[PDB]
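Read off the chains here:
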Amino acid sequence: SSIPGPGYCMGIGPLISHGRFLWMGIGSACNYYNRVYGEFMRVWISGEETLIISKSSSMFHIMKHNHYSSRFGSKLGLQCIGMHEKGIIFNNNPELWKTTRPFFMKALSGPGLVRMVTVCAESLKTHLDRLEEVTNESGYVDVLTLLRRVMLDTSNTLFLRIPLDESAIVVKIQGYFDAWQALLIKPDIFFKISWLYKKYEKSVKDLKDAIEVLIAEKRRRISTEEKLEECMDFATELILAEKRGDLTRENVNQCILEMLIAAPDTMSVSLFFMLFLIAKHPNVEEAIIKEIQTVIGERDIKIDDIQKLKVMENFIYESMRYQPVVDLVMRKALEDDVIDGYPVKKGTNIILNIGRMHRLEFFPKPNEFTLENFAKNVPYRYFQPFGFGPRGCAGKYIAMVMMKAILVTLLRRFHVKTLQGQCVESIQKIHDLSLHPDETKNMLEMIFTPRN
Ligand code: HEM
Ligand SMILES: C[C@]12CCC(=O)C=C1CC[C@@H]1[C@@H]2CC[C@]2(C)C(=O)CC[C@@H]12
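Within the PDB entry, the label attached to the protein chain reads Cytochrome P450 19A1, and the organism entered is Homo sapiens. What UniProt states about the protein chain under its Pathway heading is, verbatim, "Steroid hormone biosynthesis."

Following this line, the structure appears as structure tokens:
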């Protein structure tokens with residue numbers, strides 16, 4: 001077959017291509033190349049060869065096998081954000097990731113997934129009763145900040161539960177993600193011109209220190225406590241492993257940070273896009289309101305309710321399909337392999353353009369938002385919003401629950417209006433790492449009006 005992509009020009013090929021990624025941003029850079037060349041094609045970030053693939057069959061082969069259970073990134077960029085062989089998200093040491101992941105997996109399923117449905121609802125209730133902290137004079141709600149605040153609140157009360165400053169931390173987290181996003185594929189030259197990179201080294205330290213205060217108190221509380229087996233929360237589980245010397249304090253500290261940011265980083269942006277889609281799609285809103293009245297009514301939301309919320313479940317999926325936030329997945333080849341009739345050496349970086357994949361394959365009406373796409377049960381080998389197998393999203397289950405929870409408890413109480421002209425398609429979007437809205441532009445607010 002042989003491998004498609006731009007020409008090697010001795011040092012130039014890898015320089016224009018890396019440049020293209022730094023200029024446009026990973027998201028749009030990937031779409032570019034996919035659109036120009038094949039759905040399977042080669043590029044260069046830093047020195048290293050990297051493939052950018054939207055072929056559903058390649059995606060499936062890659063996520064399924066254990067020998068793609070790695071990601072990649074600037075070592076110096078990762079060391080800076082403290083993800084270099086520490087958390088799980090970009091922990092690329094196979095032996096440390098293999099031993100760390102279990103803690104996340106356990107915390108994000110079973111009993112904790114059941115509490116989460118009832119804790120998302122409470123934390124949103126408490127914040128909808130406090131709308132005065134996010135609403136404009138002309139009645140504009142800052143949906144983004146609201147969603148981040150609750151998300152953080154939920155994550156905290158479930159995984160750490162130490163009193164913190166919601167408002168402050170959300171900003172710090174917001175900065176950290178920006179740092180993470182920037183430094184992730186910066187070439188090494190970047191890390192010499194300091195009055196250029198240490199804008200970020202700041203955001204990182206600010207969050208890292210803010211948390212070191214919380215993990216400090218959680219340690220104090222544990223040392224004395226109430227004899228352990230209350231509900232072993234993520235944070236405890238970790239500290240006790242650290243205490244048995246299964247983990248190092250550095251590792252534990254990063255893990256907690258990674259858990260607290262994951263929700264606000266992605267859920268808020270996802271739900272924000274969803275609320276924007278609900279506004280501009282009135283017939284769908286009725287469907288969801290009916291389904292709510294049928295299944296839940298005026299009752300509190302409980303775990304048993306969530307399986308029956310099928311219309312909503314299909315809205316949620318169709319939203320992530322049509323307007324993804326996490327539209328690309330970074331992986332690394334650990335062994336030699338033929339991948340859809342292509343030679344893939346170990347050490348080859350991979351970007352899985354799962355956003356473009358949800359447009360080009362399977363779906364009846366791939367290029368418009370309709371629950372038509374999910375009218376017939378979807379194979380999942382054709383639809384990967386979270387990924388799967390050894391290294392798929394750790395919260396892939398708890399997320400789906402949380403979104404149902406907070407959508408119900410919102411749409412229950414409020415009709416949601418988009419600002420005059422606005423819709424998701426006409427929003428300034430940064431397409432790099434994640435696909436989030438441009439927050440320097442504006443009219444990203446919404447109007448909450450009661451249902452009755
Ligand atoms: C709701 C929107 C979310 C989306 C679309 C999403 C999607 C993804 C995707 C596509 C990956 C890449 C997995 C792979 O390599 O196949 C991932 C990784 C991950 N996600 Fe999610 N996720 C979401 C929410 C969450 C939440 C709420 C949490 C935790 C509370 C979470 C925790 C993680 C972690 C820890 C990883 C790294 C897994 C690893 O490499 O070990 N995600 N996510
Ligand atoms: C879901 C996630 C982790 C939790 C978090 O804090 C925020 C994000 C957003 C970016 C995701 C990332 C997981 C790894 C992903 C899928 C990649 O390989 C490229 C983009 C990136």
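Read on, since the account is not over.
Our next topic: the site of ligand 1. Taken together, 25 residues lie around ligand 1, and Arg71, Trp97, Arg331, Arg391 and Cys393 are the ones closest in. Between ligand 1 and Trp97, the relevant distance is 2.8 Å, taken from an oxygen atom to a side-chain nitrogen or oxygen of the residue. Take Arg391: an N or O atom from its side chain is 2.6 Å from an oxygen atom of ligand 1. Taken together, the elements giving at least two residues each to the shell around ligand 1 come down to α5 (94-107), α11 (249-279), β3 (329-332) and α15 (396-413).

Attention now goes to the UniProt feature "binding site: heme" in the protein chain. Feature annotation in UniProt assigns "binding site: heme" to the following positions: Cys393. Within the fold, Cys393 resides in the loop between α14 (354-360) and α15. Given a relative accessible area of 31%, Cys393 falls into the partly exposed group. Setting aside residues no more than four positions away along its own chain, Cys393 makes contact with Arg101, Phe386 and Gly387.

The mixed open sheet is built from 4 strands, whose spatial order is β1-β2-β6-β3. Because the sheet does not close on itself, it has two edges, and the strands there are β1 (40-44) and β3. The sheet shows a mean angle of 25° between the axes of neighbouring strands, taken without regard to direction. Relative to strand β6 (residues 349-352), strand β2 (residues 49-53) is paired through 4 bridges, and the arrangement is parallel. By the bridge assignment for β6, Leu51 is matched with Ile350. Relative to β1, helix α1 (residues 13-24) is tilted by about 100°, and along the sheet it contacts β1, β2 and β6. Against the sheet, helix α2 (residues 26-36) makes contact with β1, β2 and β6, and its axis sits at roughly 75° relative to β2, the strand it touches most.

So, how was this worked out
- Residues numbered from 1 in each chain as written, not as in the entry; some residues may be left out.
- Chains lettered and ligands numbered in written order.
- Heavy atoms only, no water.
- UniProt positions renumbered as here; feature names shortened; annotations may be inferred.
- Near = heavy atom within 4 Å.
- Polar contact = N/O pair within 3.5 Å; in protein donor to acceptor, adjacent residues only side chain to side chain.
- Helix = DSSP H or I, 4+ residues; strand = E, 2+ residues; numbered from the N terminus.
- Buried < 20%, exposed > 50% of the residue type's maximum accessible area, 1.4 Å probe, protein only.
- Contact = heavy atoms within 4.5 Å.
- Pairing = 2+ DSSP bridges.
- Axes fitted to C-alpha atoms, helices over the stretch in contact; angles between N-to-C directions.

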